[PDB]
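Presented below, as structure tokens, is a lone chain in the form deposited in one PDB entry.
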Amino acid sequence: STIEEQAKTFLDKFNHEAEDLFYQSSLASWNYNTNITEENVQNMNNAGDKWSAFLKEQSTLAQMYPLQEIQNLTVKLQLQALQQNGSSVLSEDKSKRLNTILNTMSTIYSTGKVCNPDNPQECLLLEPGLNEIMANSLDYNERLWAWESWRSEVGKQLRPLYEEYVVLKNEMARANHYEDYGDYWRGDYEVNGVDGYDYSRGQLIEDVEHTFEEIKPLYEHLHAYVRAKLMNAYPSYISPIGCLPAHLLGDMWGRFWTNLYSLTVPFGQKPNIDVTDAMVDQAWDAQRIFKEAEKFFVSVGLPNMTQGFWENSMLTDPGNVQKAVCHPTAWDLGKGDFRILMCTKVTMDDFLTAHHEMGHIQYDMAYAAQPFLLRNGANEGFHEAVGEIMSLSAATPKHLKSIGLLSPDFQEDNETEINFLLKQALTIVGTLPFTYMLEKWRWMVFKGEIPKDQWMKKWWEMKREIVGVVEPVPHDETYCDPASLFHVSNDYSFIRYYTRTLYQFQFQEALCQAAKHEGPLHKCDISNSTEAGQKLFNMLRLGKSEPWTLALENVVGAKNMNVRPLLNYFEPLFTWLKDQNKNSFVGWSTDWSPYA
């Protein structure tokens, strides 16, 4: 028997054994997340420890089949993924040091407390204490206090840990034959051995920067309009040509500008579309919300929810005694077991969230026939892109009128369209410079282009230049402001939120095309279109079996990430923004700071 034949047999045994152990860990994890007891934590850890130990042993066994002797690409895709980074390429000692560092940084972030001066007992966590201030408060000093105290007391703790975190992560990546840890992260988009669909790790940097250049005109006018509105609110705090202060952006970091809508709404007299009252008037419950979401996917040709989905999912808050983690999640336990965990309330937001989470389920069911190691999105940005487009169609006035939630007499004027698109841009467009700049900083730190004594100097130079955001207080190299975000301190790649944003509007434009939609892209609804559902399903069933470039081509007909559909979506706002900024300065100066 050849090496490839032995790899096929080895993967055959791995799949069956992995599915059984993965189901046991997922079931134990589900029981805790819906029923929080001291016991359930132990069973979750016990099942999880067996699953992790099994993966470690199988990864070592997979290494004894060298990839150079395999020709079947599907076999090589499963084998390399199993070979992962290996079973701790580093030494045991360095693997133990890195593990403790990751746990300490996570503990500091989740337990970091900030206490108001003159009362060492009234202290606030980031959630919900500091997040509430950054999202609702209009007081300049209160927002500044929360912004600075979080970075000066929690970020300063993370600075020495993150420095050693970079060294150990690079050592693991370079011993895995990667240039650095950033190059290791970019490997999620790497494609080899497929003519016409290959993609290099370095090409991701090229494509992200090239697509971001076309985003700049849209973001610059969005930045100028937001600055003008904020300058009317804080006239003694904002220069008309300078960057936006970092603590006046809607959250702790300015990742999303969503909470700036109240101060930046174009037409504050035309209210939002809120069908929450209509849902309560018609006595809707959680099952009705998910029944309507199931109705939506069936209308496009996708299968209905399995019978175990309705019996085993938890679509409501359990009660007053039995506690559960209420973060909306879609669960793929394997063995045909698909569930949704959600403490659903009768609101418009939860109505759209159900469509988002059921979009994850439809993706999970579509590639269930694939081998175990290929049961995932085409790349890291595919899964959430699929989920996002479901809420796009479900939230349109066209869709809400067809299901009886929006009255037919209600008609939309162009002022409400500008209000809706502006709210979308604050969340979608606003995060793109933030996401790209943050990951570029980490890429350069891993690459070694930023010395240790210039981490914070470079961090705020790029914030001023790329994001147009200026720190309110000077920060020396004792600060670790990037680590004050969850993803940086908890070791998560961040470029996925940039690529996913461009993917979703590429998906929506292609599906709306197949649905023969007429008019602006933001008003489209793919409901009742089996042509759109079939086009999406051709990619969903692929899973990880094919290169993401080919999977993307199945939906949109293009092999690479493209930014044109994103600009097509926001074109009505971009035209409106340019007309608004005729009396305002467009762009920003990087030398102005609120601390002079």
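In this text, the rigid core denotes the largest set of C-alpha atoms whose superposition between the two forms falls within 1.5 Å. Residues carry their position along the shown sequence, with the first being 1.
| message | I need to verify one thing: averaged over C-alpha atoms only, is the B-factor higher for 223 to 231 or for 306 to 314? | response | Between 223 to 231 and 306 to 314, it is 306 to 314.
| 56 to 64 or 529 to 537, whichever carries the higher mean Cα B-factor | Higher mean C-alpha B-factor: 56 to 64.
| Residue selected from 423, 464, 323, 452 by maximal Cα B factor | Reading the PDB entry, the winner on C-alpha B-factor is 323.
| Candidate set 35, 549, 26, 545 [ranked by C-alpha B-factor, highest] | The C-alpha B-factor peaks, among 35, 549, 26, 545, at 35.
| For residue 30, does the deposited CA B-factor place it in the lowest, middle or highest third of the chain? | Middle third.
| So where's residue 439 on the chain's Cα temperature factor ranking, which third? | Lowest third.
| task | Would you please rank residue 561 by its C-alpha temperature factor against the other modelled residues of its chain and give the third it falls in: lowest, middle or highest? | result | Tercile = middle for this residue's CA B-factor.
| said: How does the C-alpha B factor of residue 241 compare with the rest of the chain: lowest, middle or highest third? | reply: As the PDB entry reports it, the C-alpha B-factor of residue 241 lands in the lowest third of its chain.
| request: Please rank the C-alpha B-factors of the chain's modelled residues and tell me whether residue 590 sits in the lowest, middle or highest third. | output: Bottom third by C-alpha B-factor.
In what follows, reference is made to the form deposited in another entry, a form of this protein that is not presented.
| Among 490, 91, 104, 402, whose C-alpha is off by 2 Å or more between this form and the one not shown on a rigid-core fit? | Once the cores are aligned, the residue moving by 2 Å or more is 402.
| query | Any CA movement of 2 Å or more for residue 565 between this form and the one not shown, core superposed? | reply | For residue 565, whose C-alpha is compared between this form and the one not shown after core superposition, the shift is less than 2 Å.
| field | Threshold 2 Å Cα movement between this form and the one not shown for residue 153, core superposed | value | It does not, since the residue 153 C-alpha is displaced less than 2 Å between this form and the one not shown after the core fit.
| said: Would residue 217 count as moving between this form and the one not shown, using a Cα shift of 2 angstroms or more after superposing the core as the test? | reply: Superposed on the core, residue 217 moves its C-alpha less than 2 Å between this form and the one not shown.
| task | Regarding residue 66 and residue 179, go with closer or farther for their CA spacing in the other entry versus this form, the difference being 3 Å or more. | result | Farther apart in the other entry, by 3 Å or more.
| said: Quick one: with a 3 Å or larger change, is the residue 66 to residue 174 CA distance smaller or larger in the other entry? Answer closer or farther. | reply: Farther: residue 66 and residue 174 separate by 3 Å or more in the other entry.
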